[PDB]
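This document starts with one chain, in the form solved without ligand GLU, laid out as structure tokens.
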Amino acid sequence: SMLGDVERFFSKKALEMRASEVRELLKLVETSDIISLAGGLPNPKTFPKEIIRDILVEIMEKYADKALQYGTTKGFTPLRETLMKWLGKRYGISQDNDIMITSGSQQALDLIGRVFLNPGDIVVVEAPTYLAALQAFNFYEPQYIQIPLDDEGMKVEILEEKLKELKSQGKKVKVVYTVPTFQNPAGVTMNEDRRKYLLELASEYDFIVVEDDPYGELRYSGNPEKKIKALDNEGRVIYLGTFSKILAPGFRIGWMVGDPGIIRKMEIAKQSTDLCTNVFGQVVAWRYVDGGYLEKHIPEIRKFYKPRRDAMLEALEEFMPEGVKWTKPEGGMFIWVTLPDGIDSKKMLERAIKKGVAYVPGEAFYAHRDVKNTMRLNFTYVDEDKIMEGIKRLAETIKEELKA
């Protein structure tokens, strides 16, 4: 830096921003010959490139001025209409809600923090939860309450206990943030009883639920869940979806659905952060949904990832030593492993990398960075042949770690 101590100019918030000793190490691991299970990326093989090509031609023929001009802050009206038709028919989400387009769901999470969170406001998250949601919220200085998951998603039981305990301190929760289907990073899904229980608590204790759902359509087995937002009779849920894993992440288009009063404030907050989400990509996504291509393409995404999930689940079972446990997702992109006898997976990553494999250590997914024996594995973005070999190398890493 040529200004010298450039820190003299930074805000208090900027001074407390870093990231991340491990994400930086992982950035370097990708461009080498380690088998990395660490990534969070969808597989380019699932991008519908031929449909995209046809849509780009159609846009330049019929929609070029709309695609190329500034848009409204709220979003391109035909996309907003086609998404609400889609969510209503596909999920039973109520047309009483309003919808705003976002520059990905990441932007929705930042807007949630800006619109709802004063410093010290309490946000409930799952333990683990999506690391970039914590990153978005952290700028707004909440206090977190962490609710563990099991193989049926958030333990809403423990949420009730913590709400009663906070009540007894004269406090309350403002927002419960959940990624209830095929969680990033856990891979588990909140069952129907718990979704319903979570909404009674939302009514009883008067909080807002944010339901973040990037992965619902990436279902490989089992039957579709009910969206929490489909059960939302009080208008208490803000539902977030994204085109990132069902089209391609490169357009940076997502949507936020919820109470019109909430959406209106979100639109005003968004105006100042980026004016509008890129309209060219909104017009692409509109044709994609309205033209029936999304509906036709989803089965092709599922056919692609299913065997990758299966290969990884087969390899873990065949190779992992006693006492290692993992989730068994019915969908999405991740499998979450729990190690025995107090192994620290952040410490173990050095050894795993030496043996040719990488994963994300679980610690960074916990608001209180308090659990150290967990790992997130990704099965979408490495060749299948490499899934088996990677899981074997991870298994042998764990065996060595368990000794002396």
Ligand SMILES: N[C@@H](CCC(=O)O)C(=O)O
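From 1 onward, residues are counted along the sequence shown. C-alpha atoms forming the largest set that superposes within 1.5 Å between two forms make up the rigid core.
Inset, instruction - Would you say which of 51-59 and 23-31 moves more relative to the shown form in 5 other deposited structures of this protein, going by RMS C-alpha distance with the core superposed? - result: Checking 51-59 against 23-31 in 5 other deposited structures of this protein, I find the farther stretch is 23-31.
Legend entry - Selected stretch [higher average CA B-factor]: 348-356 or 48-56: Of 48-56 and 348-356, the stretch with the higher C-alpha B-factor average is 348-356.
Inset, instruction - Higher average CA B factor in the deposited record is what I'm after, so tell me if that's 360-368 or 339-347. - result: Higher mean C-alpha B-factor: 339-347.
Legend entry - Per the PDB entry, maximal CA B factor within 226, 296, 308, 252: In the PDB entry, the greatest C-alpha B-factor among 226, 296, 308, 252 is found at 296.
Legend entry - CA B-factor placement of residue 98, once the chain's modelled residues are sorted into thirds: CA B-factor rank for residue 98: lowest third.
Inset, instruction - Can you work out whether the C-alpha temperature factor of residue 38 puts it in the lowest, middle or highest third of the chain? - result: Residue 38: CA B-factor falls in the middle third of its chain.
Inset, instruction - Would you please rank residue 72 by its C-alpha temperature factor against the other modelled residues of its chain and give the third it falls in: lowest, middle or highest? - result: Middle third, going by the recorded CA B-factors of the chain.
Inset, instruction - Would you check the entry's CA temperature factor for residue 152 and let me know if it's in the chain's lowest, middle or highest third? - result: Ranked within chain, residue 152 CA B lands in the middle tercile.
Inset, instruction - Please rank the C-alpha B-factors of the chain's modelled residues and tell me whether residue 138 sits in the lowest, middle or highest third. - result: Middle third - that is where residue 138 ends up once the chain's C-alpha B-factors are sorted.
What follows is about the form deposited with ligand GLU bound, which we do not show.
Legend entry - Open vs blocked, site of ligand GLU as found in the entry with it bound, superimposed, 2.4 Å to backbone or C-beta: After superposition, ligand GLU sits free of the main chain and C-betas, so open.
Legend entry - Heavy atom contact within 4.5 Å of ligand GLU in the entry with it bound, the stretch among 335-343, 55-63, 22-30, 350-358: Among the candidates, contact is made by 22-30.
Legend entry - 364, 51, 35, 67 - the one with a heavy atom within 4.5 Å of ligand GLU in the entry with it bound: Looking at the other structure, the residue within range turns out to be 364.
Inset, instruction - Using heavy atoms only and a 4.5 Å cut-off, determine which of 94, 135, 77, 146 is in contact with ligand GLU in the entry with it bound. - result: Checked against the cut-off, the match is 135.
Legend entry - 4.5 angstroms heavy atom contact with ligand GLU in the entry with it bound for residue 45: No, residue 45 stays farther than 4.5 Å from ligand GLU in the entry with it bound.
Inset, instruction - Examine residue 117 and determine whether its closest non-hydrogen atom to ligand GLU in the entry with it bound is within 4.5 angstroms. - result: No, residue 117 is distant from the partner.
Inset, instruction - Mark residue 262 yes when one of its heavy atoms lies within 4.5 Å of a heavy atom of ligand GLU in the entry with it bound, and no otherwise. - result: It does not: once ligand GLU is placed as it appears in the entry with it bound, residue 262 has no heavy atom within 4.5 Å of it.
Inset, instruction - Using a 4.5 Å heavy atom cut-off, state whether residue 163 contacts ligand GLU in the entry with it bound. - result: No, residue 163 sits far enough from ligand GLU in the entry with it bound that none of its heavy atoms falls within 4.5 Å.
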